[PDB]
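Next up, start07.cif (mmCIF, N, CA and C atoms and all ligand atoms):
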```
data_data
#
loop_
_atom_site.label_atom_id
_atom_site.label_comp_id
_atom_site.auth_asym_id
_atom_site.auth_seq_id
_atom_site.Cartn_x
_atom_site.Cartn_y
_atom_site.Cartn_z
N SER A 1 8.24 -0.23 -19.43
CA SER A 1 7.44 -1.20 -20.24
C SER A 1 7.38 -2.57 -19.58
N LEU A 2 6.44 -3.39 -20.05
CA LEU A 2 6.33 -4.77 -19.58
C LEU A 2 7.66 -5.50 -19.58
N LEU A 3 8.57 -5.10 -20.46
CA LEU A 3 9.88 -5.73 -20.54
C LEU A 3 10.69 -5.45 -19.29
N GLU A 4 10.69 -4.21 -18.82
CA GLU A 4 11.43 -3.86 -17.62
C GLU A 4 10.70 -4.39 -16.39
N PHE A 5 9.38 -4.32 -16.39
CA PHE A 5 8.60 -4.78 -15.25
C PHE A 5 8.82 -6.28 -14.99
N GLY A 6 8.74 -7.09 -16.05
CA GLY A 6 8.95 -8.52 -15.94
C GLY A 6 10.33 -8.86 -15.42
N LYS A 7 11.33 -8.09 -15.82
CA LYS A 7 12.68 -8.34 -15.36
C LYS A 7 12.84 -8.00 -13.88
N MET A 8 12.23 -6.89 -13.48
CA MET A 8 12.26 -6.44 -12.10
C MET A 8 11.62 -7.51 -11.21
N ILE A 9 10.51 -8.07 -11.67
CA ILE A 9 9.78 -9.09 -10.92
C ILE A 9 10.65 -10.32 -10.71
N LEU A 10 11.22 -10.82 -11.80
CA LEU A 10 12.09 -11.99 -11.76
C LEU A 10 13.27 -11.79 -10.81
N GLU A 11 13.91 -10.62 -10.91
CA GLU A 11 15.05 -10.32 -10.05
C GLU A 11 14.63 -10.29 -8.59
N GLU A 12 13.48 -9.69 -8.32
CA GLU A 12 13.02 -9.52 -6.95
C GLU A 12 12.49 -10.81 -6.31
N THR A 13 11.69 -11.58 -7.05
CA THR A 13 11.02 -12.75 -6.48
C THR A 13 11.51 -14.13 -6.91
N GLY A 14 12.24 -14.17 -8.02
CA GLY A 14 12.70 -15.45 -8.54
C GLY A 14 11.58 -16.13 -9.33
N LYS A 16 10.45 -15.44 -9.49
CA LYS A 16 9.33 -15.96 -10.26
C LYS A 16 9.18 -15.20 -11.58
N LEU A 17 8.83 -15.92 -12.64
CA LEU A 17 8.64 -15.31 -13.94
C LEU A 17 7.28 -14.62 -13.93
N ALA A 18 7.24 -13.40 -14.45
CA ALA A 18 5.99 -12.62 -14.49
C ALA A 18 4.85 -13.41 -15.14
N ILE A 19 5.13 -14.02 -16.29
CA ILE A 19 4.17 -14.92 -16.92
C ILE A 19 4.74 -16.30 -16.64
N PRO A 20 3.99 -17.21 -16.04
CA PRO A 20 2.59 -17.05 -15.62
C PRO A 20 2.30 -16.84 -14.14
N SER A 21 3.28 -16.48 -13.32
CA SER A 21 3.04 -16.31 -11.89
C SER A 21 2.21 -15.08 -11.53
N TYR A 22 2.44 -13.97 -12.24
CA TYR A 22 1.73 -12.73 -11.91
C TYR A 22 0.88 -12.17 -13.05
N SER A 23 0.61 -12.97 -14.08
CA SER A 23 -0.16 -12.50 -15.22
C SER A 23 -1.65 -12.89 -15.19
N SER A 24 -2.03 -13.84 -14.33
CA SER A 24 -3.43 -14.26 -14.23
C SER A 24 -3.79 -14.58 -12.78
N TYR A 25 -3.12 -13.89 -11.86
CA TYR A 25 -3.31 -14.12 -10.44
C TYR A 25 -4.41 -13.22 -9.86
N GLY A 26 -5.34 -13.83 -9.13
CA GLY A 26 -6.40 -13.10 -8.46
C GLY A 26 -7.33 -12.30 -9.36
N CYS A 27 -7.72 -11.12 -8.89
CA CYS A 27 -8.61 -10.26 -9.65
C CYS A 27 -7.92 -9.09 -10.35
N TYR A 28 -6.72 -8.74 -9.90
CA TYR A 28 -6.04 -7.57 -10.44
C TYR A 28 -4.71 -7.82 -11.14
N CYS A 29 -4.06 -8.95 -10.87
CA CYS A 29 -2.78 -9.23 -11.52
C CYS A 29 -2.97 -9.63 -12.97
N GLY A 30 -2.71 -8.67 -13.84
CA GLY A 30 -2.82 -8.88 -15.26
C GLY A 30 -4.16 -8.40 -15.71
N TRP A 31 -4.59 -8.92 -16.85
CA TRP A 31 -5.89 -8.59 -17.35
C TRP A 31 -6.85 -8.60 -16.16
N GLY A 32 -7.39 -7.44 -15.80
CA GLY A 32 -8.21 -7.36 -14.59
C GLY A 32 -8.32 -6.02 -13.89
N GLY A 33 -9.55 -5.58 -13.68
CA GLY A 33 -9.84 -4.33 -13.00
C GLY A 33 -11.18 -4.29 -12.27
N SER A 34 -11.53 -5.35 -11.53
CA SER A 34 -12.76 -5.32 -10.72
C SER A 34 -12.80 -6.35 -9.59
N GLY A 35 -13.70 -6.12 -8.64
CA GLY A 35 -13.84 -7.00 -7.50
C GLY A 35 -12.97 -6.59 -6.34
N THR A 36 -12.95 -7.44 -5.32
CA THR A 36 -12.15 -7.24 -4.12
C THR A 36 -10.86 -8.06 -4.27
N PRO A 37 -9.70 -7.45 -4.03
CA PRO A 37 -8.45 -8.19 -4.16
C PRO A 37 -8.46 -9.40 -3.25
N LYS A 38 -8.01 -10.56 -3.74
CA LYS A 38 -8.07 -11.80 -2.98
C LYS A 38 -7.10 -11.93 -1.79
N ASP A 39 -5.90 -11.37 -1.94
CA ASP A 39 -4.88 -11.47 -0.91
C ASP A 39 -3.79 -10.40 -1.11
N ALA A 40 -2.86 -10.30 -0.17
CA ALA A 40 -1.76 -9.32 -0.24
C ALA A 40 -1.16 -9.11 -1.64
N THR A 41 -0.82 -10.20 -2.32
CA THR A 41 -0.23 -10.13 -3.66
C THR A 41 -1.19 -9.49 -4.64
N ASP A 42 -2.47 -9.83 -4.52
CA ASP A 42 -3.48 -9.26 -5.38
C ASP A 42 -3.64 -7.77 -5.08
N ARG A 43 -3.47 -7.39 -3.81
CA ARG A 43 -3.54 -5.98 -3.45
C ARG A 43 -2.36 -5.22 -4.06
N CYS A 44 -1.22 -5.87 -4.18
CA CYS A 44 -0.08 -5.27 -4.85
C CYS A 44 -0.47 -4.90 -6.27
N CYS A 45 -1.17 -5.81 -6.94
CA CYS A 45 -1.60 -5.55 -8.32
C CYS A 45 -2.66 -4.44 -8.39
N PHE A 46 -3.58 -4.41 -7.42
CA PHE A 46 -4.58 -3.36 -7.35
C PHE A 46 -3.90 -1.99 -7.28
N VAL A 47 -2.94 -1.87 -6.37
CA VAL A 47 -2.24 -0.61 -6.18
C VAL A 47 -1.47 -0.22 -7.44
N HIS A 48 -0.84 -1.21 -8.06
CA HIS A 48 -0.09 -1.02 -9.31
C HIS A 48 -1.03 -0.52 -10.43
N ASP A 49 -2.22 -1.10 -10.55
CA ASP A 49 -3.21 -0.65 -11.52
C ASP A 49 -3.60 0.82 -11.26
N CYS A 50 -3.82 1.15 -9.99
CA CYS A 50 -4.15 2.50 -9.57
C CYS A 50 -3.01 3.47 -9.87
N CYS A 51 -1.78 3.00 -9.66
CA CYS A 51 -0.62 3.81 -9.91
C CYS A 51 -0.57 4.19 -11.40
N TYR A 52 -0.78 3.21 -12.28
CA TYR A 52 -0.82 3.46 -13.72
C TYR A 52 -1.99 4.39 -14.07
N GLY A 53 -3.10 4.24 -13.35
CA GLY A 53 -4.28 5.07 -13.56
C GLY A 53 -4.05 6.54 -13.28
N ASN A 54 -3.04 6.85 -12.49
CA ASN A 54 -2.70 8.23 -12.20
C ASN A 54 -1.92 8.85 -13.37
N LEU A 55 -1.62 8.04 -14.39
CA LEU A 55 -0.84 8.46 -15.56
C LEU A 55 -1.60 8.31 -16.89
N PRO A 56 -2.71 9.02 -17.04
CA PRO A 56 -3.59 8.89 -18.21
C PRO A 56 -2.88 9.17 -19.55
N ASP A 59 -1.88 10.07 -19.58
CA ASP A 59 -1.25 10.43 -20.82
C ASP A 59 0.15 9.90 -20.89
N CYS A 61 0.35 8.75 -20.25
CA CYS A 61 1.59 7.99 -20.36
C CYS A 61 1.18 6.60 -20.89
N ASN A 67 2.14 5.86 -21.46
CA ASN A 67 1.90 4.53 -21.96
C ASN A 67 2.84 3.60 -21.21
N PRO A 68 2.39 3.08 -20.07
CA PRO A 68 3.23 2.20 -19.23
C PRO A 68 3.57 0.83 -19.79
N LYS A 69 2.76 0.26 -20.67
CA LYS A 69 3.06 -1.05 -21.22
C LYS A 69 4.21 -1.04 -22.23
N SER A 70 4.29 0.03 -23.02
CA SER A 70 5.25 0.09 -24.13
C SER A 70 6.40 1.08 -23.97
N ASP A 71 6.27 2.05 -23.07
CA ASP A 71 7.32 3.04 -22.88
C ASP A 71 8.43 2.48 -22.00
N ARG A 72 9.64 2.40 -22.56
CA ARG A 72 10.76 1.81 -21.83
C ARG A 72 11.50 2.82 -20.94
N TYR A 73 11.84 2.40 -19.72
CA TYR A 73 12.62 3.22 -18.81
C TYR A 73 13.89 2.46 -18.45
N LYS A 74 14.83 3.13 -17.82
CA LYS A 74 16.06 2.49 -17.36
C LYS A 74 16.09 2.50 -15.85
N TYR A 75 16.59 1.41 -15.28
CA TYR A 75 16.76 1.31 -13.84
C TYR A 75 18.06 0.57 -13.55
N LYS A 76 18.68 0.90 -12.43
CA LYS A 76 19.90 0.23 -12.03
C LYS A 76 19.70 -0.28 -10.62
N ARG A 77 20.59 -1.15 -10.18
CA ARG A 77 20.52 -1.70 -8.85
C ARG A 77 21.76 -1.23 -8.10
N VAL A 78 21.54 -0.49 -7.02
CA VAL A 78 22.62 -0.02 -6.18
C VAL A 78 22.61 -1.02 -5.07
N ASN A 79 23.39 -2.06 -5.28
CA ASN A 79 23.38 -3.20 -4.37
C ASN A 79 21.97 -3.81 -4.57
N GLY A 80 21.18 -3.93 -3.53
CA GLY A 80 19.85 -4.49 -3.70
C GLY A 80 18.78 -3.50 -4.16
N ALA A 81 18.99 -2.23 -3.87
CA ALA A 81 18.01 -1.19 -4.14
C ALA A 81 17.75 -0.99 -5.63
N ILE A 82 16.49 -0.74 -5.97
CA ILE A 82 16.11 -0.42 -7.33
C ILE A 82 16.18 1.10 -7.43
N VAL A 83 16.95 1.62 -8.39
CA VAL A 83 17.05 3.05 -8.59
C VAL A 83 16.61 3.38 -10.01
N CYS A 84 15.56 4.18 -10.13
CA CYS A 84 15.03 4.58 -11.43
C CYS A 84 15.94 5.68 -11.99
N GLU A 85 16.41 5.50 -13.21
CA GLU A 85 17.28 6.51 -13.81
C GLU A 85 16.45 7.59 -14.50
N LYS A 86 17.03 8.78 -14.64
CA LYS A 86 16.34 9.91 -15.26
C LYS A 86 16.00 9.62 -16.71
N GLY A 88 14.75 9.88 -17.03
CA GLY A 88 14.21 9.72 -18.37
C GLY A 88 13.17 10.82 -18.59
N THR A 89 12.14 10.58 -19.37
CA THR A 89 11.07 11.55 -19.52
C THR A 89 10.22 11.50 -18.25
N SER A 90 9.34 12.48 -18.06
CA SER A 90 8.51 12.49 -16.86
C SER A 90 7.67 11.21 -16.75
N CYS A 91 7.10 10.74 -17.86
CA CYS A 91 6.33 9.50 -17.88
C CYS A 91 7.18 8.28 -17.46
N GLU A 92 8.34 8.14 -18.08
CA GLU A 92 9.24 7.02 -17.80
C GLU A 92 9.61 7.00 -16.31
N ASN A 93 9.84 8.17 -15.73
CA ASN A 93 10.18 8.27 -14.31
C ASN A 93 9.04 7.78 -13.44
N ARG A 94 7.83 8.22 -13.74
CA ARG A 94 6.67 7.84 -12.94
C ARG A 94 6.25 6.38 -13.14
N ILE A 95 6.43 5.87 -14.35
CA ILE A 95 6.13 4.47 -14.62
C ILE A 95 7.08 3.58 -13.82
N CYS A 96 8.35 3.92 -13.87
CA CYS A 96 9.35 3.17 -13.14
C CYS A 96 9.04 3.11 -11.63
N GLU A 97 8.65 4.24 -11.03
CA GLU A 97 8.31 4.26 -9.61
C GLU A 97 7.10 3.35 -9.32
N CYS A 98 6.10 3.31 -10.20
CA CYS A 98 4.96 2.40 -10.03
C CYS A 98 5.42 0.94 -10.02
N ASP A 99 6.27 0.60 -10.98
CA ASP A 99 6.78 -0.75 -11.13
C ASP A 99 7.67 -1.17 -9.96
N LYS A 100 8.54 -0.27 -9.51
CA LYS A 100 9.44 -0.53 -8.39
C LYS A 100 8.62 -0.89 -7.15
N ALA A 101 7.58 -0.10 -6.89
CA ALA A 101 6.70 -0.32 -5.74
C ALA A 101 6.04 -1.70 -5.81
N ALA A 102 5.55 -2.08 -6.99
CA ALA A 102 4.90 -3.37 -7.17
C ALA A 102 5.89 -4.52 -6.93
N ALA A 103 7.10 -4.39 -7.45
CA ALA A 103 8.12 -5.43 -7.32
C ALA A 103 8.47 -5.66 -5.85
N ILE A 104 8.62 -4.57 -5.11
CA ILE A 104 8.90 -4.64 -3.68
C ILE A 104 7.71 -5.24 -2.93
N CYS A 105 6.50 -4.82 -3.31
CA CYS A 105 5.29 -5.34 -2.70
C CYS A 105 5.21 -6.87 -2.91
N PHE A 106 5.50 -7.33 -4.13
CA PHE A 106 5.52 -8.77 -4.41
C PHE A 106 6.52 -9.54 -3.51
N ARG A 107 7.74 -9.03 -3.40
CA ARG A 107 8.79 -9.65 -2.57
C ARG A 107 8.37 -9.67 -1.09
N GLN A 108 7.72 -8.60 -0.63
CA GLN A 108 7.29 -8.51 0.76
C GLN A 108 6.16 -9.51 1.07
N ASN A 109 5.41 -9.92 0.05
CA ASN A 109 4.29 -10.83 0.27
C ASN A 109 4.44 -12.21 -0.35
N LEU A 110 5.67 -12.58 -0.69
CA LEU A 110 5.95 -13.89 -1.26
C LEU A 110 5.47 -15.00 -0.34
N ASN A 111 5.62 -14.78 0.96
CA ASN A 111 5.26 -15.80 1.95
C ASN A 111 3.80 -16.24 1.94
N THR A 112 2.91 -15.44 1.36
CA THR A 112 1.49 -15.82 1.29
C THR A 112 1.01 -16.04 -0.13
N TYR A 113 1.91 -15.95 -1.10
CA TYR A 113 1.55 -16.22 -2.49
C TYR A 113 0.93 -17.61 -2.52
N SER A 114 -0.23 -17.74 -3.16
CA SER A 114 -0.92 -19.03 -3.23
C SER A 114 -1.31 -19.41 -4.65
N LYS A 115 -0.91 -20.61 -5.06
CA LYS A 115 -1.21 -21.10 -6.40
C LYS A 115 -2.71 -21.29 -6.65
N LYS A 116 -3.52 -21.28 -5.60
CA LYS A 116 -4.96 -21.45 -5.76
C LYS A 116 -5.55 -20.22 -6.46
N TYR A 117 -4.80 -19.12 -6.47
CA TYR A 117 -5.26 -17.89 -7.09
C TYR A 117 -4.73 -17.71 -8.52
N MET A 118 -3.97 -18.69 -9.01
CA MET A 118 -3.48 -18.65 -10.38
C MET A 118 -4.65 -18.99 -11.29
N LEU A 119 -4.74 -18.32 -12.44
CA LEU A 119 -5.83 -18.58 -13.39
C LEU A 119 -7.19 -18.43 -12.73
N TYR A 120 -7.29 -17.50 -11.79
CA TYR A 120 -8.53 -17.27 -11.06
C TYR A 120 -9.66 -16.91 -12.02
N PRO A 121 -10.82 -17.55 -11.93
CA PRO A 121 -11.90 -17.24 -12.89
C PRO A 121 -12.52 -15.88 -12.63
N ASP A 122 -12.89 -15.24 -13.70
CA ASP A 122 -13.44 -13.90 -13.65
C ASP A 122 -14.75 -13.76 -12.83
N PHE A 124 -15.63 -14.79 -12.79
CA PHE A 124 -16.92 -14.62 -12.09
C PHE A 124 -16.77 -14.49 -10.56
N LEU A 125 -15.61 -14.86 -10.03
CA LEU A 125 -15.37 -14.78 -8.59
C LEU A 125 -14.82 -13.41 -8.14
N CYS A 126 -14.63 -12.51 -9.09
CA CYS A 126 -14.14 -11.17 -8.78
C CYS A 126 -15.32 -10.23 -8.72
N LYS A 127 -15.71 -9.89 -7.50
CA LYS A 127 -16.94 -9.14 -7.27
C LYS A 127 -16.82 -7.84 -6.50
N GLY A 128 -17.47 -6.81 -7.02
CA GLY A 128 -17.57 -5.52 -6.35
C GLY A 128 -16.66 -4.45 -6.89
N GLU A 129 -16.46 -3.43 -6.07
CA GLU A 129 -15.60 -2.33 -6.45
C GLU A 129 -14.76 -1.88 -5.28
N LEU A 130 -13.62 -1.38 -5.61
CA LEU A 130 -12.70 -0.79 -4.73
C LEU A 130 -12.34 0.47 -5.46
N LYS A 131 -12.39 1.62 -4.83
CA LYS A 131 -12.04 2.85 -5.49
C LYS A 131 -10.60 3.20 -5.21
N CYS A 133 -9.82 3.54 -6.23
CA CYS A 133 -8.40 3.90 -5.99
C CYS A 133 -8.30 5.07 -5.02
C1 LIG A 201 0.86 -7.47 -20.83
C2 LIG A 201 0.63 -8.92 -20.51
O1 LIG A 201 -0.27 -9.51 -21.08
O2 LIG A 201 1.44 -9.67 -19.56
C3 LIG A 201 2.13 -9.29 -18.43
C4 LIG A 201 1.48 -8.99 -17.25
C5 LIG A 201 2.21 -8.66 -16.10
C6 LIG A 201 3.60 -8.64 -16.12
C7 LIG A 201 4.30 -8.96 -17.27
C8 LIG A 201 3.62 -9.29 -18.44
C9 LIG A 201 4.40 -9.63 -19.67
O3 LIG A 201 3.84 -9.93 -20.71
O4 LIG A 201 5.62 -9.61 -19.65
CA CA A 202 -4.85 -5.29 -13.80
#
```

Could I get this file's structure written as structure tokens?
Ligand SMILES: CC(=O)Oc1ccccc1C(=O)O
Ligand SMILES: [Ca+2]
Amino acid sequence: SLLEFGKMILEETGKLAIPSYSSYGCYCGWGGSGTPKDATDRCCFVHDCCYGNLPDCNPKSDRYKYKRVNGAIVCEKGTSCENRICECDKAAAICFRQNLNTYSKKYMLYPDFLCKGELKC
């Protein structure tokens, strides 16, 4: 759920999910169109696509458990949905940490009219 995802983000990047990753670019948060603006936005695109592969799961509200084996994120056994949601979130958190160096505040609160086109998952 968003509760675990937000915590994973904070632990990984030192940034709070809201508002650093909730209105960034075209895909981070409310958002599903246009060309991703930068690496971080591409992380969100992939994350959206990952959730899209789970039509009969509820990733926003279904809670999963994860532990940290030293630095590594390890998803603990749960239902099939919880397992797959956790893997989507883990990937996004790592993607965010890998691209922190290019995170740009100019993409915060990005207006919707600047998100143009389509990218197919
Ligand atoms: C669901 C929502 O509106 O906000 C979020 C978007 C991305 C990551 C975390 C959150 C959140 O609310 O915690
Ligand atoms: Ca989105």

Using only C-alpha atoms and all ligand atoms, what does the table of chain A residues within 6 Å of ligand LIG 201 (chain A) look like, with each row giving the shortest atom pair and its distance in Å to one decimal, sorted by chain and ascending number, as a tab-separated table?
```
residue	atom	partner	partner_atom	distance
A:2	CA	A:LIG201	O4	4.9
A:3	CA	A:LIG201	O4	5.8
A:6	CA	A:LIG201	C7	4.9
A:18	CA	A:LIG201	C7	4.9
A:19	CA	A:LIG201	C8	5.9
A:22	CA	A:LIG201	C5	5.9
A:23	CA	A:LIG201	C4	4.4
A:30	CA	A:LIG201	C4	4.7
```

>> Around ligand CA 202 (chain A), out to 8 Å and counting only C-alpha atoms and all ligand atoms, which residues are there? I want them as a ChimeraX atom specification.
In response: /A:27-33,45-46,48-49

> Which of chain A counts as alpha helix (DSSP H) under DSSP, as a PyMOL selection string please?
Replying inline: chain A and resi 2-13+18-21+40-53+90-108

> Closest to residue A:41 among A:109, A:13, A:70, A:1, using only C-alpha atoms?
Replying inline: A:109

Skip residue A:113 itself and residues of its chain fewer than 6 positions away, then list as an mmCIF file with N, CA and C atoms, in the frame of the given file all residues within 8 Å of it, counting only N, CA and C atoms.
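Printed below is out-v6.cif as written:
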```cif
data_model
loop_
_atom_site.group_PDB
_atom_site.id
_atom_site.type_symbol
_atom_site.label_atom_id
_atom_site.label_comp_id
_atom_site.auth_asym_id
_atom_site.auth_seq_id
_atom_site.Cartn_x
_atom_site.Cartn_y
_atom_site.Cartn_z
ATOM 1 N N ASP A 39 -5.900 -11.370 -1.940
ATOM 2 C CA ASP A 39 -4.880 -11.470 -0.910
ATOM 3 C C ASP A 39 -3.790 -10.400 -1.110
ATOM 4 N N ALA A 40 -2.860 -10.300 -0.170
ATOM 5 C CA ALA A 40 -1.760 -9.320 -0.240
ATOM 6 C C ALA A 40 -1.160 -9.110 -1.640
ATOM 7 N N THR A 41 -0.820 -10.200 -2.320
ATOM 8 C CA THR A 41 -0.230 -10.130 -3.660
ATOM 9 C C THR A 41 -1.190 -9.490 -4.640
ATOM 10 N N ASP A 42 -2.470 -9.830 -4.520
ATOM 11 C CA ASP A 42 -3.480 -9.260 -5.380
ATOM 12 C C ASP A 42 -3.640 -7.770 -5.080
#
```

>> Considering only strand (DSSP E) as DSSP defines it on the backbone, what residues of stretch 13-79 of chain A qualify? List them as a list in words.
In response: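 Everything in stretch 13-79 of chain A that counts as strand (DSSP E) is residues 75, 76, 77 and 78 of chain A.
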
Could you give me, as a PDB file with N, CA and C atoms, keeping the file's coordinate frame, the residues within 12 Å of residue A:81, counting only C-alpha atoms and dropping anything in the same chain fewer than 2 positions from it?
```pdb
ATOM      1  N   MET A   8      12.230  -6.890 -13.480  1.00  0.00           N
ATOM      2  CA  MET A   8      12.260  -6.440 -12.100  1.00  0.00           C
ATOM      3  C   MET A   8      11.620  -7.510 -11.210  1.00  0.00           C
ATOM      4  N   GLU A  11      13.910 -10.620 -10.910  1.00  0.00           N
ATOM      5  CA  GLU A  11      15.050 -10.320 -10.050  1.00  0.00           C
ATOM      6  C   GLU A  11      14.630 -10.290  -8.590  1.00  0.00           C
ATOM      7  N   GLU A  12      13.480  -9.690  -8.320  1.00  0.00           N
ATOM      8  CA  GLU A  12      13.020  -9.520  -6.950  1.00  0.00           C
ATOM      9  C   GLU A  12      12.490 -10.810  -6.310  1.00  0.00           C
ATOM     10  N   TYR A  75      16.590   1.410 -15.280  1.00  0.00           N
ATOM     11  CA  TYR A  75      16.760   1.310 -13.840  1.00  0.00           C
ATOM     12  C   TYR A  75      18.060   0.570 -13.550  1.00  0.00           C
ATOM     13  N   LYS A  76      18.680   0.900 -12.430  1.00  0.00           N
ATOM     14  CA  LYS A  76      19.900   0.230 -12.030  1.00  0.00           C
ATOM     15  C   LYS A  76      19.700  -0.280 -10.620  1.00  0.00           C
ATOM     16  N   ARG A  77      20.590  -1.150 -10.180  1.00  0.00           N
ATOM     17  CA  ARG A  77      20.520  -1.700  -8.850  1.00  0.00           C
ATOM     18  C   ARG A  77      21.760  -1.230  -8.100  1.00  0.00           C
ATOM     19  N   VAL A  78      21.540  -0.490  -7.020  1.00  0.00           N
ATOM     20  CA  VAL A  78      22.620  -0.020  -6.180  1.00  0.00           C
ATOM     21  C   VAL A  78      22.610  -1.020  -5.070  1.00  0.00           C
ATOM     22  N   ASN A  79      23.390  -2.060  -5.280  1.00  0.00           N
ATOM     23  CA  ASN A  79      23.380  -3.200  -4.370  1.00  0.00           C
ATOM     24  C   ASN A  79      21.970  -3.810  -4.570  1.00  0.00           C
ATOM     25  N   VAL A  83      16.950   1.620  -8.390  1.00  0.00           N
ATOM     26  CA  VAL A  83      17.050   3.050  -8.590  1.00  0.00           C
ATOM     27  C   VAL A  83      16.610   3.380 -10.010  1.00  0.00           C
ATOM     28  N   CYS A  84      15.560   4.180 -10.130  1.00  0.00           N
ATOM     29  CA  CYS A  84      15.030   4.580 -11.430  1.00  0.00           C
ATOM     30  C   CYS A  84      15.940   5.680 -11.990  1.00  0.00           C
ATOM     31  N   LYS A 100       8.540  -0.270  -9.510  1.00  0.00           N
ATOM     32  CA  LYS A 100       9.440  -0.530  -8.390  1.00  0.00           C
ATOM     33  C   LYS A 100       8.620  -0.890  -7.150  1.00  0.00           C
ATOM     34  N   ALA A 101       7.580  -0.100  -6.890  1.00  0.00           N
ATOM     35  CA  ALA A 101       6.700  -0.320  -5.740  1.00  0.00           C
ATOM     36  C   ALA A 101       6.040  -1.700  -5.810  1.00  0.00           C
ATOM     37  N   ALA A 103       7.100  -4.390  -7.450  1.00  0.00           N
ATOM     38  CA  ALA A 103       8.120  -5.430  -7.320  1.00  0.00           C
ATOM     39  C   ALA A 103       8.470  -5.660  -5.850  1.00  0.00           C
ATOM     40  N   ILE A 104       8.620  -4.570  -5.110  1.00  0.00           N
ATOM     41  CA  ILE A 104       8.900  -4.640  -3.680  1.00  0.00           C
ATOM     42  C   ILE A 104       7.710  -5.240  -2.930  1.00  0.00           C
TER      43      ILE A 104
END
```

> Quick one, how far is atom N of residue A:54 from atom N of residue A:10?
Replying inline: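 Those two atoms sit 22.7 Å apart.
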
>> Using all atoms listed in the file, can you tell me which of A:115, A:94, A:7, A:43 comes closest to residue A:55?
In response: A:94

>> Using only N, CA and C atoms for the distances, tell me which of A:9, A:52, A:16, A:38 is nearest to residue A:98.
In response: A:52
